[PDB]
Amino acid sequence: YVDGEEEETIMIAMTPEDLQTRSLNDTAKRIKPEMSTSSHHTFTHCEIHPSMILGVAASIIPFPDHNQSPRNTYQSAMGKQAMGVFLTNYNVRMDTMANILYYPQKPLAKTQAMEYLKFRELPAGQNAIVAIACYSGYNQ
Amino acid sequence: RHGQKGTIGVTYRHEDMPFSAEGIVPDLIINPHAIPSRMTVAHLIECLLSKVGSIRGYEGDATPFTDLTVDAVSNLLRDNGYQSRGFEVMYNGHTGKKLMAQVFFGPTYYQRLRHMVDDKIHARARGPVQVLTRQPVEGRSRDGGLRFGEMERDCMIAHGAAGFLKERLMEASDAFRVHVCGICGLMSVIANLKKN
Amino acid sequence: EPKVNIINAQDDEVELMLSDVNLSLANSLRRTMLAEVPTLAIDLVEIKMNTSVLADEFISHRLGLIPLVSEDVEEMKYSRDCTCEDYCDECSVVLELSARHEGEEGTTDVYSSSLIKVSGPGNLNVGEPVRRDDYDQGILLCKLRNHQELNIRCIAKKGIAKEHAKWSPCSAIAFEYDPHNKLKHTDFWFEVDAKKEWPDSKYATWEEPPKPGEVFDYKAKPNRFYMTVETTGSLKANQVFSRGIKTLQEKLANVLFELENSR
Amino acid sequence: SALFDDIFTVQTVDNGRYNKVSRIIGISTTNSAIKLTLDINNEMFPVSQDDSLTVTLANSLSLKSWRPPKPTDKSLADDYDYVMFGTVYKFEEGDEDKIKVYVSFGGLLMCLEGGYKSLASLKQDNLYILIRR
Amino acid sequence: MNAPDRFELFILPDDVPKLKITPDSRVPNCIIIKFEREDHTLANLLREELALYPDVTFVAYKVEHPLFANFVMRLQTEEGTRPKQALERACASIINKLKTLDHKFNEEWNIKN
Amino acid sequence: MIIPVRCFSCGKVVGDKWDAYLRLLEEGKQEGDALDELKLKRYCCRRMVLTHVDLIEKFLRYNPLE
Amino acid sequence: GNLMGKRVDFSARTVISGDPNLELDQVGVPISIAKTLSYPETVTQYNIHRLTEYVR
Amino acid sequence: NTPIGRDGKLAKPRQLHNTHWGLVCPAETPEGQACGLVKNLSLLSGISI
Amino acid sequence: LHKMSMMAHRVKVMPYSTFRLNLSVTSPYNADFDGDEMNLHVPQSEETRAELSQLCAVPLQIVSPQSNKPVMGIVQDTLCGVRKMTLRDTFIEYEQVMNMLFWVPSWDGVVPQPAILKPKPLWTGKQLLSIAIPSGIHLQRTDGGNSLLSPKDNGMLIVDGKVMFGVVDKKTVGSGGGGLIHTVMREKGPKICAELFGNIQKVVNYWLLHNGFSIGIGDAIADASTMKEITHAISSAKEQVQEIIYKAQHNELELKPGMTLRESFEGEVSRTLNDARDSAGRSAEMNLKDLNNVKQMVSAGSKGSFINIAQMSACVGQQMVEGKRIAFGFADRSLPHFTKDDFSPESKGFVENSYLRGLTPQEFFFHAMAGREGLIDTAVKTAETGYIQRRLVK
RNA sequence: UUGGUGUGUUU
Ligand SMILES: [Mg+2]
Ligand SMILES: [Zn+2]
Ligand SMILES: [Zn+2]
Ligand SMILES: [Zn+2]
């Protein structure tokens, strides 16, 4: 374990394919830096997974790494206002606000992290059909 | 799931949708002009990965920072018998005369935010006034009134039609009638009226 | 002049090849066969007794989605012009159901096959739940446990898709004409080259390719269509097609009569 | 009726920016230093380098809203293949005989230079065109 | 909660006609017809069918707002034709084509069984 | 929750094909291939059964309310 | 808070939506908001009939 | 939550300051008055006793 | 916030309870449709009714004395659609044109002459745009020193109100003063300028219906060769910043007026990576086709600009805080994945990637700090703006 | 048909 004070005195690579110095020019992938400054590094730490830098209302988002980050902040601060299933005992509980969304689907862009907020077993929305096309000015 | 938000602008019945070659119609149509400045290209990547994982029938790992490129998704959508970059040739529902540009089209995960319109519609003729100041009350829950605030009065001054302002701050509010003695100038004058 | 060409037929779908009509008339057929087919479904629901794990209008909603037989339906009138104040046996198919998990252990699936027609303006075979095979238990309405008394009473009245889409006659309609774009009505978006990347239609092999030396036949028009009218099971596809044309005739004829009566 | 007539040499074609519209530049045969440029549609009338073009400008195709044409009537255009209507938008008496007429075919263009003795009648408002062959 | 009826798509009111004509006196021999209680499904079919005829010159329809089940159409034919007559003949031809269509379809399903 | 009746996009009735789908899953099928056998070919009636996740079992886990 | 600016009546408030099938000086009114708010039109000699109907 | 109060409009305590790797959320924070303050403990947070 | 922010209107009664607008009035109120609230005060007298109807009505507040220009123009779809409509190579059959000219409330009843008579009558869309704009207009513009021969087909000359040539875009019909709308206002009063927006928007919506327009993930992709060229260019830029490091950390660098050594160092860095971003985005703009959707939208100007397409496809550029490169939040480094004292662009927040390829996590986080700047700005300096504006008012 | 504090969310 490290807290923010030992974060001062460490040296991280991000993914375990970057620990061994790797092998091109393919226009699909992503470009890690070379880290050719230290010829002989002493890495002491490597991340378990980078999508573990997120918050709980942030790991829900499908591919956060392809957006303009105010929209990431907006999606995380809207994910809390989903209609869905809040706890499974809404028969006996008496609460001043409760709303069940009828037909909740686990998203086809699930993560690997949504196993650990159970959201694939309690979702709060649906898959409906996207069609990004100006049709009659109603989506101006 | 990328903030491209908004309200249900309009409702169309089933036939009036555009519809692709198989019969699939859509249900939610975000705007082209919602995209190119907001720069949310992840939303397109989600729609594409969605359509592929629907057709090959399983849930594709969209946890970020993998080697999942766009190229694998492109090749798989093509090699399962489709266009490579999403589009299908969609139609007018009012003619069937083909939509000149091919339309991008798929499933995506949607959600429902807690606001509705049935909780923020409110209008008010009259009604509940406070005892303390006789100006109409504050809050939705007691059917209050709106705050025709400072800077609204500022723009009324800018237009200048102050007779509207004398409507607003006299007549749809605490219109109130007092008396003055013309010598000491005050409002101490006790008012009995049926004895006058 | 106009010519029909059935290509496949089975009972869940039909893929025909309507040839030599205008484009508007074929798409008008499409709009009819989603929208204006008079059929029959569950219109007012009255729970006699419910104690379920599911709420009430929930189950009335799901019952509204349930496919009935309406083969005989045009000798049943519309609800809002049938000569009764509230429901009688001239225009209803009253389902009263009470399955009941008697015995205090286990799972009770109220299916479509247990749904009972009690009355109906018979003996028109309406309002039966549609059965794939006859061993088709079917639509998953409820899961009941210990003593959970579910006694429901439905009415069935006659609406179209315009009121609501629980009266959808049918499911999904393919539609295409000129699969090789010989009118250039459509324009491909393309990275590299238009011919390679857009894969051929399922009706590509029913016609020829274009030849590169040919000019743009500007006086040509679209002339051969293909559509796919599947079934929910509520009707059979031939009956769907027939009555959709029939209804569209009747609307056009009413427009004609209002012309001639204003005249 | 026809106020122009000449025959032209196709020297350049610019498809370029437009997939359906091309720009020709035709230098006259019968009297040179008569330069003619006409933007044109490919797929109504494809043209090619070094062909022959009979070019005619008229002001009335008789020998107010447009209905589509009957069969019973007839036009000057009946012996032609690409008929565009235009508007005379800029008429500039230039140099010695640098006399430039700018007539626009509604998004399409037509520059014409040459002798005064040909172009002298052209000072109008609505001028057609009628390409033969 | 201000949600209206969804039988406003086909049922006419009481003292409103189903077919409300007003002749447009800007140009000669043109008419405006206020159809009640429909959508495109009538209109496009009438449009292309009125298009190909010779004597018809101008015919065009608009749906003013798709959250209202009405639409209005413009109809100018040539000089001679009362255009109402032409539209009635148009209905005649359409039902002729479709009844032929139903006929051969019945025959073809008879064979295909 | 529990399977809906039609598709959301098209409108082919699917609700019957839940129990058959689980029984096909019991033998070790793959989910796309199972949808293939049930004749689900548009993706509309593929997302209406593929996504769907089941809560009403959890509601019957409540040992009797009455 | 109460004199220079205050709260008042005959207001209304909602959430909006675009609608290009409109002029430039037109704004859509939901029906219930038209029911709640009103306007005093003077009974004159040129508007009796409609106003009696609006009573009816 | 963070008690600077709201007295001081200073953008130094509202920065996403770069000790935040895996400890708070670089996405989540509300819109407006709270922004820069409110820190959601990350999906690898633990609180030392 | 300005004297249009209250405007009078007229009443249209609709079910389905929300407020309807025109979308040309979206610009003056500054409203989007992610849930705004707009109020509705009502007059209670005859006097105030006439007050509103003669002053605060929209057709009398078109021209803002803020900047003596019209501030009510065209927005997203009507604009990018009309630019797709009146390109030169756009032809329409007669039948669809019947409806399109039926939509104009001010059309007389006369079609134009179709700009081709034979072999099959077509139009071009500029005459249909000419149907809306009334009789008595002139507008002459020279962009870039065009001719009267017009090879690039930009520029604009209008006589009679019938278009003669030119791609009608934002810099004619947007908010720009001396544009089309201002000219109509000066030459025809308010009411015809009111009907201008009606005519144009209804026309181009009907046509942008029957055409259609969309945007797909391919539209931000260029071919592999241009990707190679952009990669080579930005790699050469990183070579240039390596030269900067080499000379400055070998103390070969000359100091600008008024800035000391680190300030001119960072200023050099800022210019050099901005040059990288500009040339790379320029190449990626140059390759893209014109049936490409995104280039049509930016070349219409209804939404977005050059830097949008550069950031989506070629390079996002340097992540900033307060104009500068990113502070070493820790000692000598601005995360714990880096070394000490490395002023390389990938350290202090230059996204080398596109948006499309994916970010390395560090680059994602530095863009999060960019959004953090934007959030704190938009919810902190509006304090000072409100207080200043109140004081100038009083 | 309360006041008065305080919290979170919308633009
Ligand atoms: Mg906003
Ligand atoms: Zn006194
Ligand atoms: Zn009866
Ligand atoms: Zn489906």
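Residues numbered from 1 in each chain as written, not as in the entry; some residues may be left out. Chains lettered and ligands numbered in written order. Part of a larger assembly, values for the part shown. Heavy atoms only, no water.

Its PDB header names cryo-EM as the technique used to obtain the model and reports a resolution of 9.9 Å.

This part covers the overall build of chain G. Summing up its helical and strand segments, chain G has two helices and three strands in all. For chain G, the sequential pattern of α-helices and β-strands runs β-β-β-α-α. The C-alpha atoms of chain G give a radius of gyration of 16 Å, which is well past the 10 Å a tight globule of 56 residues would have. Oriented by its inertia axes, the alpha-carbon framework of chain G measures out at about 40 × 40 × 20 Å. Classification of the 56 residues of chain G by burial places 46% in the buried group. (Helix = DSSP H or I, 4+ residues; strand = E, 2+ residues; numbered from the N terminus. Rg over C-alpha atoms; globule rule 2.2 N^0.38 Å. Buried < 20%, exposed > 50% of the residue type's maximum accessible area, 1.4 Å probe, protein only.)

Okay, the overall build of chain C next. Helix and strand content of chain C: four helices and nine strands. Element order for chain C, N to C, with α for helix and β for strand: β-β-α-β-α-β-β-β-β-β-α-β-α. Taking 18 Å as the expected radius of gyration for a compact globule of 263 residues, we find that chain C reaches 24 Å, considerably beyond that expectation. Seen through its C-alpha atoms, chain C measures out along the principal axes to roughly 80 × 55 × 30 Å. A burial count over chain C gives 55% of its 263 residues as buried. Considering only contacts within chain C whose residues lie at least 6 apart along the sequence, 79% involve residues at least 24 apart. Accessible area of chain C: about 12,200 Å², with a carbon and sulfur share of 46%. Taken as two groups, the 32 positive and 46 negative side-chain charges of chain C have centres that lie 4 Å from each other. (Contact = heavy atoms within 4.5 Å. Areas by Shrake-Rupley, 256 points an atom, 1.4 Å probe, with all protein chains shown as cover. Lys, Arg positive; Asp, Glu negative; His and termini not counted. Charge placed at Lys NZ, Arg CZ, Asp CG, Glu CD.)

Along the chain, the position of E15(B) falls in the segment before α1 (41–55). In terms of polar contacts, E15(B) uses its side chain to reach the side chain of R31(C), at 2.8 Å. Beyond its immediate sequence surroundings of up to four residues, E15(B) is in contact with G93(B), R30(C), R31(C), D39(E) and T41(E). (Polar contact = N/O pair within 3.5 Å; in protein donor to acceptor, adjacent residues only side chain to side chain.)

Another point: the protein's contact with RNA strand J. Among the 13 residues in the neighbourhood of RNA strand J, the closest are listed as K80(A), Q81(A), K5(B), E31(H) and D36(I). When atoms of RNA strand J within 4 Å of the protein are sorted by moiety, sugar and phosphate together comprise 100%. Between RNA strand J and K80(A) there is a distance of 3.3 Å, counted from a phosphate oxygen to a side-chain nitrogen or oxygen. One of the side-chain nitrogen or oxygen atoms of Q81(A) is found 3.0 Å away from a sugar or linking oxygen of RNA strand J. (Near = heavy atom within 4 Å.)

Inspection of every chain in the model, using the stated rule, returns 66 salt bridges over all chains. Among the ionic pairs, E88(E) bridges to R263(C), the shortest N-O distance being 3.2 Å. On the criterion of chain membership, the pair formed by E88(E) in helix α2 (residues 83–112) and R263(C) in the segment after α4 (237–262) is interchain, its members lying in two chains. Close ionic contact of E23(G) with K202(I) constitutes a salt bridge, the shortest N to O distance being 3.8 Å. You can see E23(G) sitting in the loop between β2 (11–18) and β3 (26–29) and its partner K202(I) sitting in helix α8 (residues 191–211), one on each of two chains. You can call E23(G) partly exposed: its relative accessible area is 24%. Through salt bridges with shared partners, a single ionic network connects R13(B), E15(B), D16(B), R31(C) and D39(E). (Salt bridge = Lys/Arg side-chain N within 4 Å of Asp/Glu carboxyl O.)

Attention now moves to the packing of aromatic side chains. All names here are of chain D. The final tally for this structure, using the stated rule, is 35 aromatic pairs over all chains. On the basis of an interplanar angle of 40 degrees and a centroid distance of 6.3 Å, the ring pair of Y89 and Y102 is categorised as tilted. You can see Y89 sitting in strand β6 (residues 87–93) and its partner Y102 sitting in strand β7 (residues 99–104), a full 13 residues away along the chain. Judged by its relative accessible area of 10%, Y102 falls in the buried class. (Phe/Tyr/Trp six-rings, centres within 6.5 Å; stacked < 30°, edge-to-face > 60°.)

Once that is clear, we can look at the UniProt feature "binding site: Zn(2+) 2" (unreviewed entry) in chain C. Residue and element names in this part refer to chain C. In the numbering used here, UniProt assigns the feature "binding site: Zn(2+) 2" (unreviewed entry) to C82, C84, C88 and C91. In this structure, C82 sits in the loop between α2 (56–64) and β4 (95–97). Take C82: its relative accessible area is 8%, and that puts it in the buried class. Not counting residues within four places of it along the chain, the set of residues in contact with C82 comprises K77, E90 and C91. If you trace the backbone, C91 turns up in the loop between α2 and β4. (UniProt positions renumbered as here; feature names shortened; annotations may be inferred.)

It is worth spelling out the UniProt feature "binding site: Zn(2+) 6" (unreviewed entry) in chain C at this point. Residues and elements named next belong to chain C. Per the UniProt entry, the sites bearing "binding site: Zn(2+) 6" (unreviewed entry) are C88 and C91 in this numbering. By secondary structure assignment, the location of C88 is in the loop between α2 and β4. A residue is classified by how much of its surface remains accessible, and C88, at 24% relative accessible area, is partly exposed. By relative accessible area, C91 is classed as buried at 2%. Discounting chain neighbours no more than four positions away, the residues touching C91 are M76, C82, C84, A156 and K157.

This part is about helix α3 (residues 150–159) of chain B. Looking only at α3(B), the buried set comprises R153(B), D154(B), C155(B), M156(B) and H159(B). On its buried face, α3(B) sits against β4 (146–148) and α4 (162–168) of chain B together with α2 (46–56) and α14 (381–393) of chain I. Among the residues trailing α3(B), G160(B) stands out with phi positive, at a value near 90 degrees.

A cis amide bond links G122(C) to the next residue, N123(C), at an omega of 5 degrees. Relative to the assigned elements, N123(C) resides in the loop between β5 (108–110) and β6 (142–144). That bond from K118(I) to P119(I) is cis: its omega, 15 degrees, falls within 30 degrees of zero. You can see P119(I) is positioned in the loop between α4 (94–102) and α5 (125–132). Of note, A33(D) is a non-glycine position whose phi angle comes to about 50 degrees, a positive value. Summarising the element assignment, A33(D) is placed in the loop between β2 (21–28) and β3 (35–41).

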